[PDB]
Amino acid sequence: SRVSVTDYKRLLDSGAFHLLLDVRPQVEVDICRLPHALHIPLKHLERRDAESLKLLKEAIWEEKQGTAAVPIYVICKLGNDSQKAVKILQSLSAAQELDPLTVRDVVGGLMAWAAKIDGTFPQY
């Protein structure tokens, strides 16, 4: 359940609706982030933070107002954490705690983004 960084960039540039979930811890997000991403730390997904779940529901509602599976993309620094978040999100979907989702993480994470897509995104 993955996507290449170059496919993700083409999707982003299409303007088609999706949500990018940044699942890094706060300390990393404080250094640098993609401004369009929604921040939901992996640990919040692990511990079922009800408020981060509300945040995700609210982001979906903003587009859809309760009316297709939602395309969810997941990113972290290198693509190690995001794979774990994808599993949790798929389980929330399957359990109907979330609206139906189609969930993929970005191979190589934000470092692949920095390497191939935008070199102004920093190392850290």
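In case it trips you up, residue 1 is the first one in the sequence shown, and so on.
Per the record, residue 67 and residue 68 are separated by 1 to 3 deposited residues that have no coordinates. The question of which stretch, 21-29 or 108-116, has the higher mean Cα B factor is settled in favour of 21-29. The stretch 98-106 shows the higher mean C-alpha B-factor when 98-106 is compared against 11-19 in the entry. Out of 77, 36, 39, 54, it is 54 whose C-alpha atom has the highest B-factor in the PDB entry. When the Cα B-factors of 92, 85, 60, 72 are read from the PDB record, 92 comes out highest.
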